[PDB]
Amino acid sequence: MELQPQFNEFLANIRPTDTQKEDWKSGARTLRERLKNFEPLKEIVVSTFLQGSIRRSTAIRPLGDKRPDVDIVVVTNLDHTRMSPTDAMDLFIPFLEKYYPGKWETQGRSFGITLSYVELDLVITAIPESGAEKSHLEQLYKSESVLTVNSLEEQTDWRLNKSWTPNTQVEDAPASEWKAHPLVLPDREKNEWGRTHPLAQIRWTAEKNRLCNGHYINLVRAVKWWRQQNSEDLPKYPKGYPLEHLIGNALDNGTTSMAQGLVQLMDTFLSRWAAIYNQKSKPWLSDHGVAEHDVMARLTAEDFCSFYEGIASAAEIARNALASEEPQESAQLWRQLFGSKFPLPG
């Protein structure tokens, strides 16, 4: 059975809590305002915006009392050809010591800030463009479309368009205005600028979610929950954004329910990557933000193939759960995938 009400309850069980949600919204708003009024950075910071799984509504609730990772981008107007990533980061230390003493730390390519219930993960970026192109992009980064701290599932009317305003109509801006325009950020382990296009990833996710009738971001969270619940029998990677990317790739447009979507995306994953699995290899998958980047670049072939075996086992269960014509039996199969956060029907 599809058990749509039980899937809805499951999803409510695995979203970050309201306490966490309000903490990161307050945290982002307060960080943005402090940066905006901090005299040494006033003319450097273009925008401070919420990104990552929290922004895309693809984040799951941490286990126990762990704090969610909340990704934040600071957009600067620094010239990346004259300043290194660490030059840009160095500018923020007095700010962090003034407003977050004892609660921040450098974490390689980003800054970690500990709030009461969440952990902010701040990356410092720059705009590679110059002149009028730069000004047009700065206008986009300063718009409500970028500055909203609500997540995708809270604002299905959201579009990437400097003229979008919250529904207290418009479409995404023409691709020529943003598609070929990534930011640069620090590379993970070395002091060089790499490209990243979080706005394009967010827009792609919102659109995929629309194309999939609202089931895509829920399926991402459900599969992340499966991976966590079955972590002993799965490789450590993929997880996080590469896992999300594999799910968005495997899912077809037109999804009509969670249960159907799970079976379809698992079946498609297995047929699409069968040859790669037979070759003991891994796929090269273009990032939706920066086309020439392989999202799977750090994933090993061994981990991809162990993951493929895990999906192959999961798909048998999911097919049986969907096919079962009895509510209790069906729910017990779904719980074989997801654990007890997936509720039994009444």
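Numbering starts at 1 and runs along the sequence shown. Take the two forms, superpose them, and find the largest set of C-alpha atoms that agree within 1.5 Å; that set is the rigid core.
Undergrad: Rigid core superposition, C-alpha RMS per stretch in 4 other deposited structures of this protein: which comes out larger, 101-109 or 73-81?
TA: Stretch with the higher C-alpha RMS distance in 4 other deposited structures of this protein: 101-109.
Undergrad: Kindly name the stretch, out of 29-37 and 315-323, whose CA atoms are displaced more from this form in 4 other deposited structures of this protein after the core superposition?
TA: Higher average C-alpha offset in 4 other deposited structures of this protein goes to 29-37.
Undergrad: Do at least a third of the other compared PDB entries leave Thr114 without coordinates?
TA: Comparison shows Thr114 kept in all of the other entries.
Undergrad: Coordinates for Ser145 lacking in at least a third of the other PDB entries compared?
TA: Comparison shows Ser145 kept in all of the other entries.
Undergrad: Indicate whether the chain is continuous between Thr168 and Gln169 or, if not, how many deposited residues are absent from the coordinates: none, 1 to 3, 4 to 9, or 10 or more.
TA: Some 4 to 9 residues are missing between them.
Undergrad: Test of understanding: from the entry's C-alpha B-factors, which stretch has the higher mean, 180-188 or 153-161?
TA: Mean CA B-factor is higher for 153-161.
Undergrad: Looking at the deposited entry, does 27-35 or 51-59 carry the larger mean Cα B-factor?
TA: The entry gives the higher C-alpha B-factor average to 27-35.
Undergrad: Going by the deposited entry, which of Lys208, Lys98, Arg195, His80 has the highest CA temperature factor?
TA: That would be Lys98, according to the entry.
Undergrad: What third of its chain's C-alpha B-factors does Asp69 belong to: lowest, middle or highest?
TA: CA B-factor rank for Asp69: middle third.
Undergrad: Would you check the entry's CA temperature factor for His288 and let me know if it's in the chain's lowest, middle or highest third?
TA: Ranked within chain, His288 CA B lands in the lowest tercile.
Undergrad: Please place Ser84 in the lowest, middle or highest third of its chain according to the CA B-factor in the PDB entry.
TA: Its C-alpha B-factor belongs to the lowest third of this chain's values.
Undergrad: Check where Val45 lands among this chain's C-alpha B-factors and tell me if it's the lowest, middle or highest third.
TA: As the PDB entry reports it, the C-alpha B-factor of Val45 lands in the middle third of its chain.
Undergrad: Which third, lowest, middle or highest, does the CA B-factor of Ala321 fall in along this chain?
TA: For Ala321, the deposited C-alpha B-factor lands in the highest third.
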